[PDB]
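Undergrad: Just dropping in an experimental structure and the matching sequence.
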There are 6 protein chains.
Amino acid sequence: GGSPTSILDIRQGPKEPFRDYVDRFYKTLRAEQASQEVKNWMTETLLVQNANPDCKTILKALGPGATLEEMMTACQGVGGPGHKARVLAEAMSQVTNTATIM
Amino acid sequence: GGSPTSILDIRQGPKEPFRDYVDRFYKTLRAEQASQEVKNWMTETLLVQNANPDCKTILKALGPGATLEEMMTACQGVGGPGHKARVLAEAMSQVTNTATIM
Amino acid sequence: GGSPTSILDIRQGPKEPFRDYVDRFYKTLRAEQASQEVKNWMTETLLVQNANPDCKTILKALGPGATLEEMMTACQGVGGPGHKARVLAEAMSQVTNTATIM
Amino acid sequence: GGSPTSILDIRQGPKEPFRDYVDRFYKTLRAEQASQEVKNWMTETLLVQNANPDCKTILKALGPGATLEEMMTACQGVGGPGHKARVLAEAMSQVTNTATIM
Amino acid sequence: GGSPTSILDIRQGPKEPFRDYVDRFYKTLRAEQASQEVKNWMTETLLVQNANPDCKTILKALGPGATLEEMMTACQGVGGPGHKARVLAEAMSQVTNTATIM
Amino acid sequence: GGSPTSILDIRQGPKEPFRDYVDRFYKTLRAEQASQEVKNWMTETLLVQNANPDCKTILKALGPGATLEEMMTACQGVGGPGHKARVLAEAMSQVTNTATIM
Ligand SMILES: O=P(O)(O)O[C@H]1[C@H](OP(=O)(O)O)[C@@H](OP(=O)(O)O)[C@H](OP(=O)(O)O)[C@@H](OP(=O)(O)O)[C@H]1OP(=O)(O)O
Ligand SMILES: CC(C)(C)c1ccc([C@H](Cn2cccc(C(F)(F)F)c2=O)NC2Cc3ccccc3C2)cc1
C-alpha cells in the first residue's frame, strides 16, 4: 500500500489480538489520504501480510477468500488458550518424536 | 443482528474473562438504537460466536438454552490462566504418549 | 442480600487475587441499601461461591467458618508462585498416568 | 494489631513482591494512629504472617530475628526466575520420585 | 556508536517487541543532533547489537543484507506463540536428549 | 549504600528488565547526594548486588572489570523467551538427571 502510517507498517503484536489490530489497520487507514480503491486494496494485501505470524499462518491456512469474519473466528484464539494450547504441543510433541518426523 | 459496533464486532479477549466481555456486549448494545427484542436476539446469536474460544467452547458445552447465569458460572474459571487448568493439562497429556487420541 | 452491584454480580477474577475481590465485595456492601443481617448473610453466602476457582476450591477445602486469616493465606498463594507452582504442573502427571487415576 | 487498615489486613499479593507490599505495610503504618511501640510490634507480627506465602515461607526459613535487610534480600528472589525456578523444579522432581519422599 | 541518548544504549527489552523498541531506536536518532550519514550508520551498526536476543538472534537468522522489511517480518515472530513456543519447545527437548547432542 | 534511595539498595523486579531497574539506578544516582568518587564507587558495587538474581548472576558471571556496556548487552538477555528459554530448558532436566549430577 505504502500510504504513510496507515499500512506500510500497521502491524499486530503477539499479545495484540487479530481482532484489536484489524482496527489498528482500519482506524489508521482512515487517517491516510487514500482512494477507496487504494484502501480496499490495502485491506486485502497488507492486512494478511503485515499481521501477527500466529495468525498469518492462520490467514494462509484459512487462506484468501476468508472474510475477515473467517480470519476473525480462527485468529480469536490467538492468545494463551486458543492458539497457544495448540502451539506449545505441536513443537513439543514433534521434536520429542524427532527420531521420526512426519 | 448487524447493529453498529456491538453485534458486528463485540468480542471476548483471550485474557479478558467471560464477565468483562459480557459487560462490553451489554454496553455497546446501549449505543445501538435497539428495542428489547433487538437486544435479546443480539445476545444469544453473537455472544456465543464472537467471544473467546474458551468461553465459546463452554457455551456450546453448556448446551444452548442455558441461562447466562450458567454461561457466567461455567465460564468463571474462564480466565487468564483459570479455565485453562483443564486446557493445558489435556493438550499436554492426550498427545503425549505416542499418537493415541480419545 | 441480592443487592445491585454488590452480590448478585460481585465476582473474583482468575488472574485476580482473593484480596481485590474481597475488597470489591466488602467495599461495595456499604454501597448497597441493605439491613445489617443482610450484609453479614452475603460475606458468608456469596464471598465463597462467587470467587476465583484457584481460591474457591481452597475455601471449600479449608472450609466455611474458618477464620479469614486461614482463607486469606491459602488463597494468597493463588497467583503464580503460590498455587500455580503446584497444580497443573501436577495435572501433567495425573493425565500422563491416566491409565490409572487415583 | 487492630489499628485501622494498616495491620489488620495489609497483604502481599502472589505476584506482588516482598518490596511492593512491605512498602504498603510501611506506608500504611504511617497512616494509622498508633503509638511508637504499637507500630514497632506491628512490623514484626503482621509483616511475616500476612505476606505472600513465597516470602513468608522465606521469612520462616531465615528464621525470626533476621533483620528486614535479611528478609528483603532473600525475599527479592520471590518472582519468576529466582523463587519460582526453584519451587517448580523441586515440586516436580520431588513427587515424580513419589514412591520415596525425603 | 556513542551518539546522544540514541545509540548509547537504546535497547530492546526482553519482553519489548522489536517493533516497539526499534521506534525508540528511530525516533531517538531523530531526537539526536546527528548528521544524515551518522544516523544511517547507526541503523545497521546499532540496531542489531542492542536489540533483545530474541530478535538479535533473528537478525542472525535472516542473515545480514536482509532489508529491514525482513527484520520486521522476522522479528515480528518475536513473541510468545511464534518465537517463545520455539525456544520453549526446542531448548527444553534438546537438552533432554543430552545423552546425544547434534 | 546509605546515600538516599539510590544505593542503599535499589532493586529489580522479576519482570523488571535491566532497562526499568538499572535506569532507576542511573537517574537516581544523579539525585543521591554523593561525591564524584562516591558515585563511581557505588555504580560498581551496588549495581551488581541488588539487581534481579538472573542478571545479578550475569554481572558477576561476566567477571568484574567488564565495562558496564559489557554488562548491559550481556544483561539485556535476562527475560523469559531469552533468559528463561535457557534456564527453563536446563533446570527441568538438570534434576531429572539427578541420578547423575555434573
Ligand atoms: O507473572 P506471574 O505472577 O508470575 O504469573 C503470570 C500471570 O498470571 P496471574 O494472572 O496469576 O498474574 C500471567 O497473567 P497475565 O497478566 O499475563 O494475564 C499469566 O498469563 P496467562 O493467564 O495468559 O497464562 C502468566 O502465564 P504466561 O507467562 O504463560 O503468559 C503467569 O505465569 P506463570 O504461568 O509462569 O506462573
Ligand atoms: C508451572 C506453572 C508456571 C506454575 C504453571 C502451570 C500451569 C498454570 C495454569 C493452571 N492454573 C494453576 C493455578 C492457578 C491458576 C489460575 F490462577 F490461573 F487460575 C491456573 O490456571 N495453566 C496455564 C494457563 C496457560 C496460559 C498460557 C500458557 C500456558 C498455560 C498453562 C499456571 C502456572
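TA: All right, it came through fine. Residues are numbered from 1 along each chain as shown, chains lettered A, B, ... in the order given. Ligands and ions are numbered 1, 2, ... in the order given.

Undergrad: residue of chain A with the smallest distance to chain F?
TA: Nearest residue of chain A to chain F, counting by CB to the nearest CB: residue A:14, 9.9 Å away. Where C-beta positions appear, they are placed from N, C-alpha and C, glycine not excepted.

Undergrad: Report the contact partners of that residue.
TA: By CB atoms under 8 Å, 6 or more residues apart in numbering or on different chains, residue A:14 lies in contact with A:52, A:54, E:17, E:78, E:79, E:80, E:81, E:82.

Undergrad: could those go into a markdown table alongside secondary structure?
TA: Listed next are the contacts of residue A:14 as a markdown table, based on DSSP: H, G, I helix; E, B strand; the rest coil:
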| residue | secondary structure |
| --- | --- |
| A:52 | coil |
| A:54 | helix |
| E:17 | coil |
| E:78 | coil |
| E:79 | coil |
| E:80 | helix |
| E:81 | helix |
| E:82 | helix |
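
Undergrad: Of those residues - the most surrounded one?
TA: residue E:78 (30 neighbours; other CB atoms under 10 Å in any protein chain shown).

Undergrad: circling back to that earlier point, and of the contacts of residue A:14, the nearest to residue C:38?
TA: If you rank these by distance to residue C:38 using CB to CB, residue E:80 comes first, at 45.9 Å.

Undergrad: Now do the phi/psi pair for the residue of chain A found nearest ligand 1.
TA: The minimum distance from chain A to ligand 1, using CB to the nearest ligand atom, falls at residue A:80 (3.7 Å). With angles defined as degrees, to the nearest 10, residue A:80 sits at phi -70, psi -40.

Undergrad: Look up the closest residue to it, ignoring the ones flanking it.
TA: In space, and not counting its chain neighbours, residue A:80 is closest to residue B:14: 5.8 Å by CB to CB, 6 or more residues apart in numbering or on different chains.

Undergrad: measure that neighbour to residue D:38 for me?
TA: 48 Å (CB to CB, to the nearest Å).

Undergrad: ok, now residue A:50?
TA: 61 Å.

Undergrad: Next, the contact list for the closest residue to residue A:54 other than its chain neighbours, please.
TA: Once flanking residues are discounted, residue A:54 sits nearest to residue E:81: 4.4 Å by CB to CB, 6+ apart. If a contact means CB under 8 Å, 6+ apart, then residue E:81 has A:14, A:54, A:78, A:83, A:84, A:87 as its contacts.

Undergrad: what's the helix or strand for the closest residue in space to residue A:44 that isn't next to it in sequence?
TA: Excluding the flanking residues, the one nearest residue A:44 by CB to CB, 6+ apart is residue A:64, at 7.9 Å. For residue A:64, there is no enclosing helix or strand under DSSP states H and E.

Undergrad: Would it be right to say that residue A:20 lies in a helix?
TA: Yes - Residue A:20: assigned to a helix according to three-state DSSP.

Undergrad: Number of residues surrounding it?
TA: 14.

Undergrad: how close does it sit to residue B:14?
TA: Distance, residue A:20 to residue B:14, using CB to CB: 11 Å.

Undergrad: Please see if stretch A:54-64 touches ligand 2.
TA: No - applying CB under 6 Å from any ligand atom, one finds stretch A:54-64 separated from ligand 2 by no less than 12.9 Å.

Undergrad: Please name the residues that touch the residue in chain A that chain C sits nearest to.
TA: Per CB to the nearest CB, the residue of chain A with the smallest distance to chain C is residue A:80, at 10.7 Å. Residues in contact with residue A:80 (CB under 8 Å, 6+ apart) are B:14, B:15, B:80, B:81, B:84, E:80.

Undergrad: for residue A:65, same thing?
TA: By CB under 8 Å, 6+ apart, residue A:65 has no neighbours at all.

Undergrad: Tell me the residues of chain A that contact chain E?
TA: A:9, A:11, A:13-15, A:50, A:52-54, A:78, A:80, A:83-84, A:87-88, A:90-92, A:94-96 (CB under 8 Å from any CB of the partner chain).

Undergrad: Could you tell me which of these count as buried?
TA: Neighbour counting by 16 or more other CB atoms under 10 Å in any protein chain shown classes A:11, A:13-15, A:50, A:52-54, A:78, A:80, A:83-84, A:87-88, A:91-92, A:95 among the residues of chain A next to chain E as buried.

Undergrad: Sketch out the helices for chain A, chain order is fine.
TA: Taking DSSP state H to define them, one finds helices in chain A at A:18-31, A:36-49, A:53-62, A:68-75, A:82-95.

Undergrad: Up against chain B, what does chain A have?
TA: A:17, A:19, A:72-73, A:76-82, A:85-86, A:88-89, A:92-93.

Undergrad: Nearest to ligand 2 within chain A, name that residue for me.
TA: residue A:80 (3.2 Å).

Undergrad: could you check the distance from that residue over to residue F:81?
TA: Distance from residue A:80 to residue F:81, by CB to CB: 15 Å.

Undergrad: again, but for residue A:49
TA: Residue A:49 is 24 Å from residue F:81, by CB to CB.

Undergrad: go on, residue A:61?
TA: In terms of CB to CB, residue A:61 sits 24 Å off from residue F:81.

Undergrad: what's the answer for residue A:50, then?
TA: The value you get for residue A:50 to residue F:81, if CB to CB is used, is 22 Å.

Undergrad: surely residue A:7 meets residue A:42?
TA: Yes - Residue A:7 is within contact range of residue A:42, at 4.6 Å (criterion: CB atoms under 8 Å).

Undergrad: so what's in contact with the two at the same time?
TA: The contact sets of residue A:7 and residue A:42 overlap at A:1, A:25, A:29 (CB under 8 Å, 6+ apart).

Undergrad: can you redo the residues you listed as CSV with distance to ligand 2?
TA: Listed next are those as CSV, based on distance: CB to the nearest ligand atom, whole Å:
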residue, distance to ligand 2
A:1, 34
A:25, 26
A:29, 32
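
Undergrad: Among these, which one sits closest to chain B?
TA: Using CB to the nearest CB, those come closest to chain B at residue A:25, 13.5 Å.

Undergrad: Quick one: residues contacting the closest residue to residue A:11 other than its chain neighbours.
TA: In this structure, residue A:11 finds its nearest non-sequential neighbour in residue A:50, 5.0 Å apart by CB to CB, 6+ apart. Shown in contact with residue A:50 (CB under 8 Å, 6+ apart): A:7, A:9, A:10, A:11, A:12, E:72, E:73.

Undergrad: tell me the contacts of the third one?
TA: This points to residue A:10. A:21, A:24, A:25, A:28, A:46, A:50.

Undergrad: how far away is residue A:57 from chain D?
TA: 28 Å (CB to the nearest CB, to the nearest Å).

Undergrad: same thing with residue A:31?
TA: On the measure of CB to the nearest CB, residue A:31 and chain D end up 37 Å apart.

Undergrad: Using PDB, write out the CA atom coordinates for stretch A:29-49.
TA: What follows is stretch A:29-49 as a C-alpha-only set of coordinates in PDB (Å, rounded to 0.1, in the frame of the first residue of the first chain):
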ATOM      1  CA  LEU A  29      -6.400   3.800   7.100                       C
ATOM      2  CA  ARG A  30      -9.000   6.400   7.900                       C
ATOM      3  CA  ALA A  31      -6.000   8.600   8.700                       C
ATOM      4  CA  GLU A  32      -4.300   8.000   5.300                       C
ATOM      5  CA  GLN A  33      -5.400  10.200   2.400                       C
ATOM      6  CA  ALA A  34      -6.300   7.400   0.000                       C
ATOM      7  CA  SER A  35      -8.900   6.500  -2.600                       C
ATOM      8  CA  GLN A  36     -11.300   3.800  -1.600                       C
ATOM      9  CA  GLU A  37      -9.600   1.500  -4.200                       C
ATOM     10  CA  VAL A  38      -6.300   2.500  -2.500                       C
ATOM     11  CA  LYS A  39      -7.700   1.400   0.900                       C
ATOM     12  CA  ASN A  40      -9.700  -1.700   0.000                       C
ATOM     13  CA  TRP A  41      -6.500  -3.000  -1.800                       C
ATOM     14  CA  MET A  42      -4.600  -2.200   1.500                       C
ATOM     15  CA  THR A  43      -7.200  -4.400   3.400                       C
ATOM     16  CA  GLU A  44      -6.600  -7.400   1.200                       C
ATOM     17  CA  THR A  45      -2.800  -7.400   0.600                       C
ATOM     18  CA  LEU A  46      -1.200  -5.700   3.600                       C
ATOM     19  CA  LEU A  47      -3.700  -7.000   6.200                       C
ATOM     20  CA  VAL A  48      -2.700 -10.600   6.000                       C
ATOM     21  CA  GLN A  49       0.900  -9.900   5.200                       C
END
